[PDB]
>>> print(open('coords34.cif').read())   # mmCIF, C-alpha atoms and all ligand atoms
data_query
#
loop_
_atom_site.label_atom_id
_atom_site.label_comp_id
_atom_site.auth_asym_id
_atom_site.auth_seq_id
_atom_site.Cartn_x
_atom_site.Cartn_y
_atom_site.Cartn_z
CA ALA A 1 35.03 51.45 17.14
CA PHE A 2 33.02 53.56 19.57
CA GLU A 3 29.84 55.40 18.68
CA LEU A 4 28.15 58.50 19.81
CA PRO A 5 25.15 57.51 21.91
CA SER A 6 21.77 58.98 20.91
CA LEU A 7 20.55 61.77 23.23
CA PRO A 8 17.96 60.16 25.70
CA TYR A 9 15.40 62.89 24.70
CA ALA A 10 14.50 65.21 21.82
CA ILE A 11 16.76 68.14 20.92
CA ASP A 12 14.40 70.74 22.30
CA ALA A 13 13.31 68.64 25.29
CA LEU A 14 15.45 70.57 27.77
CA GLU A 15 14.13 74.01 26.83
CA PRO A 16 14.09 76.62 28.23
CA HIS A 17 16.78 75.33 30.59
CA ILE A 18 19.35 74.16 28.09
CA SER A 19 18.73 75.15 24.48
CA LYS A 20 18.38 73.21 21.27
CA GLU A 21 21.49 75.06 20.02
CA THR A 22 23.47 74.04 23.05
CA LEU A 23 22.50 70.30 22.58
CA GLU A 24 23.40 70.56 18.83
CA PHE A 25 26.89 71.80 19.60
CA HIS A 26 27.51 70.05 22.87
CA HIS A 27 26.29 66.61 21.89
CA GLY A 28 26.46 66.82 18.17
CA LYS A 29 29.94 68.35 17.98
CA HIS A 30 31.92 68.23 21.28
CA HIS A 31 30.74 64.80 22.39
CA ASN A 32 31.03 63.54 18.81
CA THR A 33 34.60 64.82 18.56
CA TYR A 34 35.85 62.84 21.52
CA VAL A 35 34.37 59.65 19.92
CA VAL A 36 36.16 60.50 16.58
CA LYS A 37 39.44 61.30 18.29
CA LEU A 38 39.41 58.17 20.46
CA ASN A 39 38.50 55.96 17.40
CA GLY A 40 41.50 57.58 15.69
CA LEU A 41 43.82 56.73 18.56
CA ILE A 42 43.16 53.14 19.32
CA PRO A 43 43.77 51.20 16.07
CA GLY A 44 46.42 48.54 16.51
CA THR A 45 46.94 49.35 20.21
CA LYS A 46 46.25 47.40 23.42
CA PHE A 47 43.09 49.53 23.80
CA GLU A 48 41.58 48.39 20.55
CA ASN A 49 39.42 45.67 21.83
CA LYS A 50 38.62 47.05 25.24
CA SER A 51 35.38 48.56 26.53
CA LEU A 52 35.18 52.33 27.09
CA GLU A 53 35.25 51.91 30.87
CA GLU A 54 38.22 49.57 30.52
CA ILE A 55 40.08 52.16 28.50
CA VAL A 56 39.27 55.02 30.94
CA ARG A 57 40.61 53.01 33.85
CA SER A 58 43.75 51.90 32.11
CA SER A 59 44.97 54.88 30.04
CA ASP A 60 46.61 58.30 30.39
CA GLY A 61 47.45 61.16 28.01
CA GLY A 62 45.18 61.70 24.97
CA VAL A 63 43.58 58.24 25.04
CA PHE A 64 42.33 58.93 28.59
CA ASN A 65 41.22 62.53 27.88
CA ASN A 66 39.01 61.41 24.97
CA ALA A 67 37.74 58.17 26.47
CA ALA A 68 36.97 59.77 29.86
CA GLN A 69 35.27 62.68 28.05
CA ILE A 70 33.08 60.26 26.11
CA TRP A 71 32.01 58.52 29.38
CA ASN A 72 31.51 61.76 31.31
CA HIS A 73 29.36 63.27 28.60
CA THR A 74 27.17 60.21 28.29
CA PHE A 75 26.81 60.34 32.10
CA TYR A 76 25.83 64.02 31.88
CA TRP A 77 23.09 63.52 29.24
CA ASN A 78 21.62 60.88 31.56
CA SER A 79 21.79 63.32 34.53
CA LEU A 80 19.23 65.58 32.73
CA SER A 81 15.65 64.87 31.72
CA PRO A 82 12.65 66.77 30.37
CA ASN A 83 10.82 65.05 33.17
CA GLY A 84 13.29 65.69 35.97
CA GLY A 85 13.82 68.73 38.15
CA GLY A 86 12.10 69.55 41.40
CA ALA A 87 12.54 67.76 44.64
CA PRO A 88 14.53 64.54 44.87
CA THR A 89 12.60 61.30 45.52
CA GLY A 90 13.32 57.86 46.78
CA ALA A 91 16.46 56.47 48.24
CA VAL A 92 18.50 59.42 46.95
CA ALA A 93 16.22 62.01 48.59
CA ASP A 94 16.64 60.25 51.97
CA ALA A 95 20.45 59.85 51.46
CA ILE A 96 20.73 63.65 50.66
CA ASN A 97 18.84 64.35 53.92
CA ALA A 98 21.14 62.03 55.76
CA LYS A 99 24.35 63.77 54.69
CA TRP A 100 23.28 67.40 54.49
CA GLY A 101 20.16 67.59 56.69
CA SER A 102 18.01 68.91 53.88
CA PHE A 103 17.64 69.13 50.18
CA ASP A 104 18.07 72.90 50.25
CA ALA A 105 21.44 72.61 52.17
CA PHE A 106 22.63 70.02 49.62
CA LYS A 107 21.71 72.35 46.75
CA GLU A 108 23.60 75.21 48.39
CA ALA A 109 26.60 72.92 48.92
CA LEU A 110 26.73 71.59 45.26
CA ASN A 111 26.16 75.07 43.88
CA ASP A 112 29.10 76.37 45.88
CA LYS A 113 31.36 73.49 44.70
CA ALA A 114 30.17 74.00 41.10
CA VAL A 115 30.60 77.81 40.95
CA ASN A 116 34.07 77.61 42.39
CA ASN A 117 35.29 74.56 40.25
CA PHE A 118 38.05 76.40 38.55
CA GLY A 119 38.52 76.14 34.82
CA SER A 120 37.14 73.20 32.70
CA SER A 121 35.66 70.74 35.17
CA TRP A 122 32.89 68.53 36.47
CA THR A 123 30.97 68.62 39.70
CA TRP A 124 29.61 65.24 40.86
CA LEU A 125 27.19 63.71 43.25
CA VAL A 126 28.89 60.41 44.34
CA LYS A 127 28.20 57.54 46.70
CA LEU A 128 31.12 56.57 48.91
CA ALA A 129 32.12 53.19 50.25
CA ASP A 130 30.12 53.76 53.53
CA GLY A 131 27.01 54.21 51.45
CA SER A 132 26.78 57.97 52.12
CA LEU A 133 26.58 60.72 49.49
CA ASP A 134 29.14 63.43 48.85
CA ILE A 135 29.98 66.07 46.24
CA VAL A 136 33.37 66.02 44.53
CA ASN A 137 34.91 68.16 41.82
CA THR A 138 37.17 66.85 39.00
CA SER A 139 39.19 68.84 36.48
CA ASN A 140 39.28 68.59 32.66
CA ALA A 141 38.54 64.86 31.90
CA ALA A 142 39.13 63.34 35.32
CA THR A 143 36.21 61.31 36.68
CA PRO A 144 35.35 59.42 39.87
CA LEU A 145 34.83 56.31 37.61
CA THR A 146 38.53 55.72 38.34
CA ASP A 147 38.36 56.13 42.16
CA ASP A 148 37.93 52.98 44.25
CA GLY A 149 35.07 53.17 46.70
CA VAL A 150 33.41 55.98 44.66
CA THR A 151 30.22 55.53 42.65
CA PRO A 152 29.09 58.41 40.30
CA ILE A 153 25.39 59.25 40.83
CA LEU A 154 24.91 62.53 38.90
CA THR A 155 27.20 65.00 37.17
CA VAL A 156 27.12 68.63 36.01
CA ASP A 157 29.50 69.61 33.16
CA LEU A 158 31.17 73.00 33.96
CA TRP A 159 33.41 73.32 30.86
CA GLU A 160 32.24 76.64 29.47
CA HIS A 161 30.79 75.12 26.20
CA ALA A 162 28.17 73.49 28.42
CA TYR A 163 26.49 76.79 29.15
CA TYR A 164 28.11 79.68 27.39
CA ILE A 165 25.49 79.87 24.62
CA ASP A 166 22.59 80.13 27.03
CA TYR A 167 24.12 81.80 30.05
CA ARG A 168 27.48 83.34 29.05
CA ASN A 169 29.69 83.80 32.18
CA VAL A 170 26.90 83.24 34.81
CA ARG A 171 27.25 79.81 36.18
CA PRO A 172 24.55 80.44 38.86
CA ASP A 173 22.04 80.83 35.99
CA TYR A 174 23.18 77.57 34.42
CA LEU A 175 22.85 75.78 37.82
CA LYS A 176 19.31 77.03 38.12
CA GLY A 177 18.73 75.38 34.72
CA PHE A 178 20.37 72.14 35.92
CA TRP A 179 18.14 71.96 39.08
CA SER A 180 15.18 72.20 36.71
CA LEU A 181 16.34 69.23 34.71
CA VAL A 182 18.13 67.02 37.26
CA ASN A 183 17.19 63.33 36.60
CA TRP A 184 16.40 61.76 39.92
CA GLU A 185 15.38 58.49 38.18
CA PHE A 186 18.95 58.05 36.90
CA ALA A 187 20.38 59.15 40.31
CA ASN A 188 18.30 56.44 42.10
CA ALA A 189 19.19 53.80 39.49
CA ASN A 190 22.87 54.53 40.15
CA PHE A 191 22.48 54.68 43.92
CA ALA A 192 20.68 51.38 44.07
CA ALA B 1 43.12 97.93 45.42
CA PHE B 2 43.78 96.43 42.02
CA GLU B 3 41.86 97.78 39.13
CA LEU B 4 40.70 96.60 35.73
CA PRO B 5 42.87 98.25 33.08
CA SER B 6 41.11 99.93 30.24
CA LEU B 7 41.04 97.95 26.92
CA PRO B 8 44.02 99.32 24.74
CA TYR B 9 41.47 99.74 21.84
CA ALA B 10 37.76 100.37 21.15
CA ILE B 11 35.21 97.64 21.86
CA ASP B 12 34.76 97.00 18.10
CA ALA B 13 38.32 97.41 17.07
CA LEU B 14 39.22 93.76 16.71
CA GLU B 15 36.24 93.08 14.38
CA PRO B 16 35.58 90.85 12.54
CA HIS B 17 38.29 88.67 14.19
CA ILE B 18 37.11 89.02 17.79
CA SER B 19 33.66 90.71 18.27
CA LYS B 20 32.42 93.57 20.33
CA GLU B 21 30.20 91.09 22.26
CA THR B 22 33.24 88.93 23.10
CA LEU B 23 35.14 91.96 24.32
CA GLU B 24 32.17 93.05 26.44
CA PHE B 25 32.03 89.70 28.18
CA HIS B 26 35.71 88.73 28.21
CA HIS B 27 37.07 91.99 29.34
CA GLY B 28 34.12 93.68 31.02
CA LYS B 29 33.00 90.59 32.83
CA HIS B 30 35.58 87.84 33.05
CA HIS B 31 38.65 89.98 33.54
CA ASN B 32 36.76 92.21 35.96
CA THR B 33 35.65 89.30 38.10
CA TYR B 34 39.19 88.21 38.71
CA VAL B 35 40.01 91.81 39.85
CA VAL B 36 37.00 91.77 42.20
CA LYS B 37 37.76 88.34 43.64
CA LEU B 38 41.42 89.13 44.19
CA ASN B 39 40.62 92.32 45.96
CA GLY B 40 38.28 90.33 48.23
CA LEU B 41 41.03 87.80 49.04
CA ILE B 42 43.87 90.18 49.76
CA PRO B 43 43.00 91.85 53.13
CA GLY B 44 44.23 89.98 56.22
CA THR B 45 46.91 88.09 54.27
CA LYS B 46 50.61 88.48 53.53
CA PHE B 47 49.68 89.97 50.12
CA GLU B 48 48.30 93.30 51.23
CA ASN B 49 50.99 95.57 50.00
CA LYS B 50 52.33 93.64 47.06
CA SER B 51 52.31 94.37 43.32
CA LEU B 52 50.26 92.09 41.05
CA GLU B 53 53.47 90.43 39.80
CA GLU B 54 54.79 89.92 43.32
CA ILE B 55 51.57 88.16 44.13
CA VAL B 56 51.54 85.98 41.06
CA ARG B 57 55.08 84.91 41.84
CA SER B 58 54.49 84.14 45.53
CA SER B 59 50.99 82.65 45.88
CA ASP B 60 48.95 79.47 45.37
CA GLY B 61 45.27 78.51 45.72
CA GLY B 62 42.63 81.15 45.01
CA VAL B 63 44.91 84.14 45.44
CA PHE B 64 47.12 82.77 42.62
CA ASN B 65 44.17 81.76 40.35
CA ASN B 66 42.76 85.27 40.48
CA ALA B 67 45.95 87.27 40.47
CA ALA B 68 47.55 85.24 37.62
CA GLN B 69 44.32 85.41 35.61
CA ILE B 70 44.38 89.21 35.98
CA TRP B 71 47.95 89.46 34.75
CA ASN B 72 47.30 86.94 31.98
CA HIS B 73 44.32 88.77 30.60
CA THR B 74 46.11 92.16 30.68
CA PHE B 75 48.95 90.58 28.71
CA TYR B 76 46.46 88.95 26.27
CA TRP B 77 44.79 92.27 25.46
CA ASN B 78 48.20 93.78 24.70
CA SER B 79 48.98 90.75 22.47
CA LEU B 80 46.16 91.85 20.03
CA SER B 81 45.92 95.08 18.07
CA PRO B 82 43.69 96.54 15.41
CA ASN B 83 46.90 97.39 13.71
CA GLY B 84 48.49 94.00 14.15
CA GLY B 85 48.51 90.81 12.16
CA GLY B 86 50.47 89.73 9.23
CA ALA B 87 54.17 88.98 9.10
CA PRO B 88 56.31 89.59 12.20
CA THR B 89 58.89 92.41 12.05
CA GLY B 90 62.10 93.42 13.70
CA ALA B 91 63.98 91.50 16.28
CA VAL B 92 61.16 89.04 16.90
CA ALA B 93 60.82 88.12 13.18
CA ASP B 94 64.54 87.34 13.21
CA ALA B 95 64.44 85.25 16.42
CA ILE B 96 61.51 83.33 15.05
CA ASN B 97 63.66 82.59 11.91
CA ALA B 98 66.62 81.57 14.07
CA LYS B 99 64.61 79.13 16.15
CA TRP B 100 62.20 77.62 13.61
CA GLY B 101 63.80 78.46 10.23
CA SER B 102 60.77 80.39 9.02
CA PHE B 103 57.69 82.24 10.19
CA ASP B 104 55.40 79.55 8.65
CA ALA B 105 57.11 76.76 10.53
CA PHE B 106 56.65 78.81 13.75
CA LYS B 107 53.06 79.47 13.00
CA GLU B 108 52.40 75.68 12.35
CA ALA B 109 54.14 74.83 15.60
CA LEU B 110 52.13 77.36 17.64
CA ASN B 111 48.80 76.35 16.08
CA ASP B 112 49.57 72.71 16.83
CA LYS B 113 50.35 73.65 20.51
CA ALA B 114 47.20 75.73 20.75
CA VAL B 115 44.70 73.39 19.14
CA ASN B 116 45.89 70.62 21.34
CA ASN B 117 46.09 72.52 24.61
CA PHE B 118 43.39 70.55 26.49
CA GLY B 119 40.80 72.24 28.65
CA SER B 120 41.05 75.93 29.83
CA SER B 121 44.56 77.04 28.99
CA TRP B 122 46.97 79.54 27.43
CA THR B 123 49.52 79.19 24.66
CA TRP B 124 52.57 81.31 24.85
CA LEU B 125 55.40 82.69 22.81
CA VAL B 126 58.33 83.04 25.35
CA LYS B 127 62.06 84.15 25.31
CA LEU B 128 64.23 81.67 27.30
CA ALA B 129 67.20 82.58 29.40
CA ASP B 130 69.46 81.42 26.53
CA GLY B 131 67.99 84.19 24.36
CA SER B 132 66.00 81.84 22.07
CA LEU B 133 62.21 81.73 21.58
CA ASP B 134 59.96 78.81 22.32
CA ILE B 135 56.25 77.98 22.52
CA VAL B 136 54.87 76.78 25.88
CA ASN B 137 51.48 75.74 27.11
CA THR B 138 49.98 76.42 30.48
CA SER B 139 46.75 75.17 32.08
CA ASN B 140 43.99 77.24 33.85
CA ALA B 141 45.72 80.26 35.44
CA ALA B 142 49.25 79.05 35.19
CA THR B 143 51.73 81.35 33.35
CA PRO B 144 55.41 81.57 32.34
CA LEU B 145 55.75 84.73 34.47
CA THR B 146 56.49 82.31 37.39
CA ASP B 147 59.29 80.56 35.43
CA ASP B 148 62.50 82.33 36.54
CA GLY B 149 64.47 83.67 33.64
CA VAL B 150 61.67 83.06 31.09
CA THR B 151 60.19 86.21 29.54
CA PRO B 152 56.64 86.20 28.21
CA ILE B 153 56.42 87.73 24.69
CA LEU B 154 52.76 87.05 23.48
CA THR B 155 49.88 84.83 24.59
CA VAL B 156 46.62 83.47 23.18
CA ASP B 157 43.86 82.72 25.62
CA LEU B 158 42.32 79.31 24.88
CA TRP B 159 39.67 79.22 27.68
CA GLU B 160 36.45 78.65 25.75
CA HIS B 161 35.00 82.08 26.74
CA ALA B 162 37.68 83.58 24.65
CA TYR B 163 36.13 82.33 21.40
CA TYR B 164 32.90 80.52 21.92
CA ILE B 165 30.69 83.46 21.08
CA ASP B 166 32.37 83.95 17.80
CA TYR B 167 33.57 80.49 16.83
CA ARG B 168 31.82 77.97 18.97
CA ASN B 169 33.91 74.83 19.04
CA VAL B 170 36.23 75.66 16.12
CA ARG B 171 39.55 76.71 17.59
CA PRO B 172 41.35 76.83 14.25
CA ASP B 173 38.89 79.62 13.17
CA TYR B 174 39.67 81.49 16.37
CA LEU B 175 43.42 81.04 15.74
CA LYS B 176 43.04 82.52 12.22
CA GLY B 177 41.51 85.50 13.99
CA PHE B 178 44.45 85.71 16.38
CA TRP B 179 46.94 85.65 13.53
CA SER B 180 45.11 88.62 12.03
CA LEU B 181 45.42 90.63 15.25
CA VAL B 182 48.79 89.57 16.66
CA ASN B 183 50.56 92.61 18.12
CA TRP B 184 54.17 92.39 16.89
CA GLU B 185 55.01 95.82 18.43
CA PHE B 186 54.18 94.47 21.93
CA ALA B 187 56.09 91.17 20.98
CA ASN B 188 59.17 93.33 20.08
CA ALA B 189 58.88 95.56 23.18
CA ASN B 190 58.79 92.46 25.30
CA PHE B 191 61.65 90.78 23.47
CA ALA B 192 63.89 93.90 23.73
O1 LIG C 1 46.35 64.38 23.17
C1 LIG C 1 47.33 65.42 23.09
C2 LIG C 1 47.88 65.72 24.48
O2 LIG C 1 46.84 66.33 25.27
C3 LIG C 1 47.29 66.68 26.59
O3 LIG C 1 48.37 67.61 26.49
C4 LIG C 1 47.88 68.81 25.85
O4 LIG C 1 47.11 69.63 26.75
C5 LIG C 1 47.83 70.02 27.93
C6 LIG C 1 46.93 70.77 28.91
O5 LIG C 1 45.82 69.98 29.35
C7 LIG C 1 49.02 70.90 27.54
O6 LIG C 1 49.80 71.22 28.71
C8 LIG C 1 49.88 70.12 26.55
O7 LIG C 1 50.96 70.94 26.10
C9 LIG C 1 49.06 69.64 25.37
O8 LIG C 1 49.83 68.78 24.52
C10 LIG C 1 47.77 65.44 27.33
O9 LIG C 1 48.22 65.82 28.63
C11 LIG C 1 48.87 64.76 26.53
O10 LIG C 1 49.23 63.55 27.21
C12 LIG C 1 48.30 64.42 25.16
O11 LIG C 1 49.22 63.66 24.35
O1 LIG C 2 39.69 80.12 44.88
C1 LIG C 2 38.97 78.91 45.14
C2 LIG C 2 39.83 77.69 44.88
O2 LIG C 2 40.11 77.50 43.48
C3 LIG C 2 40.76 76.24 43.29
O3 LIG C 2 39.97 75.15 43.81
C4 LIG C 2 38.73 75.03 43.08
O4 LIG C 2 38.91 74.66 41.70
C5 LIG C 2 39.51 73.36 41.53
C6 LIG C 2 39.76 73.05 40.05
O5 LIG C 2 40.74 73.95 39.52
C7 LIG C 2 38.62 72.29 42.13
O6 LIG C 2 39.25 71.00 41.99
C8 LIG C 2 38.41 72.62 43.60
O7 LIG C 2 37.54 71.66 44.20
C9 LIG C 2 37.81 74.01 43.75
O8 LIG C 2 37.65 74.34 45.14
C10 LIG C 2 42.11 76.27 43.99
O9 LIG C 2 42.84 75.04 43.77
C11 LIG C 2 41.86 76.42 45.48
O10 LIG C 2 43.13 76.45 46.15
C12 LIG C 2 41.12 77.73 45.69
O11 LIG C 2 40.87 77.94 47.09
FE FE C 3 31.03 69.07 27.77
FE FE C 4 40.08 84.65 29.29
#
>>> encode(input="coords34.cif", output="structure tokens", more="lines below")
Ligand SMILES: OC[C@H]1O[C@H](O[C@H]2O[C@H](CO)[C@@H](O)[C@H](O)[C@H]2O)[C@H](O)[C@@H](O)[C@@H]1O
Ligand SMILES: OC[C@H]1O[C@H](O[C@H]2O[C@H](CO)[C@@H](O)[C@H](O)[C@H]2O)[C@H](O)[C@@H](O)[C@@H]1O
Ligand SMILES: [Fe+3]
Ligand SMILES: [Fe+3]
Amino acid sequence: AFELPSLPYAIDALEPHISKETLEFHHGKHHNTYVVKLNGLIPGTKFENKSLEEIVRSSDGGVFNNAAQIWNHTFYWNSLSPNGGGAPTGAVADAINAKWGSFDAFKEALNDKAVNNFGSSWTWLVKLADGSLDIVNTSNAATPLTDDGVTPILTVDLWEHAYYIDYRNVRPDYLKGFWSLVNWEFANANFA
Amino acid sequence: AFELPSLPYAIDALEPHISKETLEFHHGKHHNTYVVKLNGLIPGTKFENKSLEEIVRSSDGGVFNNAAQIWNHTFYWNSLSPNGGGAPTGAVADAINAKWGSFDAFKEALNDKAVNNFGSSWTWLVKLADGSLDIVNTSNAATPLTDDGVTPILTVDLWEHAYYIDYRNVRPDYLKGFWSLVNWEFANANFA
């Protein structure tokens, strides 16, 4: 049924911010496992011939947890780039300034939401129905893809497997890696 | 102020099931952080002269997340022993037989509960008010200590930091390690 998307860059392209080993396990195993598990759940069911987004928005229990984790992870690989990092640009840079006054204040605000996102979770940059940006946290497999009026723009995966190999317990070190990789091209494509 | 209890065994005593490095991070860093955070939250609140258990049983939000995680980890360390593992003994071996028919059926049931416990979580062996055992799952910092009349007997921490260093994504390998360390003396003390 579903397939594991290719990573949008080479396996060592995010070094030294996220390691080759971390991509091998995180994409090659964790992401892959949600694809396998979902493909094992849907045969014969009403979800069999639906798209992944259709399934995320219409399921609960294990079908949701795997489908939403497939979507979220694909969204996360796209939120990183060997050519990202640095200051934001475009429409998204101006929208960050509009909501938080400055890029630096926005970074401080997302870092605080990310470090304190308790347990397995995701911290997101979203665009609300009034066109303004905000940061929201979700837990486990939950995702703003299911929230009316809310458009995902960027995400940071805070389940421990996302960073434990490279950073152990220090999420602030992982976030410094994320800011070095953040894909503003994908953020602007989503915003626009 | 609350303090981090000493580990009940040497830093390499659970090898090769759980490594010295995992104990250094899990106990010396993760467990410690919850102590530190809770002590920061307590002054100026209704929790200033309360025992850890009184706090776990009467709080929510951050005070609960940190207090319950402190209690949970302390109980987890006691649930492992360099002299544990193997077949259960005494009163707990018999209760396991009464509830599940056999130790192997119990072990299959717990593994199934643990491997499927989604996200950061804990799997528990508990004694119900009716005197029988059962297996229950909790998410993030939640714990059966808040369930009136339920008595915790053993737990296995399933947050990824508990096993990622040693086993990466393979929880069943981690669970084989747990079965080689399980502390039946603590299980029996708790049951009795
Ligand atoms: O797909 C299996 C089930 O996964 C979830 O339930 C598991 O994980 C929970 C914590 O996130 C535990 O409380 C629970 O005991 C586990 O079974 C999901 O919520 C269920 O609907 C799924 O069937
Ligand atoms: O102690 C800080 C807070 O921890 C929890 O809230 C954080 O973690 C949640 C996920 O478990 C996120 O959804 C939330 O956005 C974070 O702020 C707790 O629920 C709060 O009450 C605590 O104040
Ligand atoms: Fe992940
Ligand atoms: Fe833990």
>>> residues_around(input="coords34.cif", residues="segment 58-71 of chain A", least_positions_apart="2", cutoff="10 Å", atoms="only C-alpha atoms", output="count of residues only")
38
>>> interface_residues(input="coords34.cif", of="chain B", to="chain A", cutoff="8 Å", atoms="all atoms listed in the file", output="list in words")
residues 25, 29, 30, 118, 119, 120, 140, 159, 160, 161, 164, 165, 168 and 169 of chain B
>>> residues_near_point(input="coords34.cif", point="(56.4, 77.2, 20.7)", cutoff="8 Å", atoms="only C-alpha atoms", output="PyMOL selection string")
chain B and resi 106+109-110+113+124-126+133-136
>>> axis_aligned_box(input="coords34.cif", around="segment 53-70 of chain A", padding_each_side="6 Å", output="lines of an AutoDock Vina configuration file")
center_x = 40.3
center_y = 56.1
center_z = 29.4
size_x = 26.4
size_y = 25.1
size_z = 20.9
>>> residues_around(input="coords34.cif", residues="residue 131 of chain A", least_positions_apart="5", cutoff="10 Å", atoms="all atoms listed in the file", output="VMD selection string")
chain A and resid 95 126 149 to 151 191
>>> residues_near_point(input="coords34.cif", point="(26.6, 73.4, 33.5)", cutoff="6 Å", atoms="all atoms listed in the file", output="mmCIF file with C-alpha atoms, keeping the file's coordinate frame")
data_model
loop_
_atom_site.group_PDB
_atom_site.id
_atom_site.type_symbol
_atom_site.label_atom_id
_atom_site.label_comp_id
_atom_site.auth_asym_id
_atom_site.auth_seq_id
_atom_site.Cartn_x
_atom_site.Cartn_y
_atom_site.Cartn_z
ATOM 1 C CA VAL A 156 27.120 68.630 36.010
ATOM 2 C CA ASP A 157 29.500 69.610 33.160
ATOM 3 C CA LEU A 158 31.170 73.000 33.960
ATOM 4 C CA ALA A 162 28.170 73.490 28.420
ATOM 5 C CA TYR A 163 26.490 76.790 29.150
ATOM 6 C CA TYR A 174 23.180 77.570 34.420
#
>>> closest_residue(input="coords34.cif", among="A:173, A:130, A:24, A:112", to="ligand FE 3 (chain C)", atoms="only C-alpha atoms and all ligand atoms")
A:24
>>> atom_distance(input="coords34.cif", atom1="atom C9 of ligand LIG 1 (chain C)", atom2="atom CA of residue 137 of chain B")
6.8 Å
>>> residues_around(input="coords34.cif", residues="residue 88 of chain A", least_positions_apart="5", cutoff="10 Å", atoms="all atoms listed in the file", output="JSON, numbers by chain")
{"A": [93, 94, 96, 103, 182, 183, 184, 185, 187, 188]}
>>> write_last_selection(input="coords34.cif", atoms="C-alpha atoms", output="PDB file, keeping the file's coordinate frame")
ATOM      1  CA  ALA A  93      16.220  62.010  48.590  1.00  0.00           C
ATOM      2  CA  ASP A  94      16.640  60.250  51.970  1.00  0.00           C
ATOM      3  CA  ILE A  96      20.730  63.650  50.660  1.00  0.00           C
ATOM      4  CA  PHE A 103      17.640  69.130  50.180  1.00  0.00           C
ATOM      5  CA  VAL A 182      18.130  67.020  37.260  1.00  0.00           C
ATOM      6  CA  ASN A 183      17.190  63.330  36.600  1.00  0.00           C
ATOM      7  CA  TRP A 184      16.400  61.760  39.920  1.00  0.00           C
ATOM      8  CA  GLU A 185      15.380  58.490  38.180  1.00  0.00           C
ATOM      9  CA  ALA A 187      20.380  59.150  40.310  1.00  0.00           C
ATOM     10  CA  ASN A 188      18.300  56.440  42.100  1.00  0.00           C
TER      11      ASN A 188
END
>>> atom_distance(input="coords34.cif", atom1="atom CA of residue 89 of chain A", atom2="atom CA of residue 101 of chain A")
14.9 Å
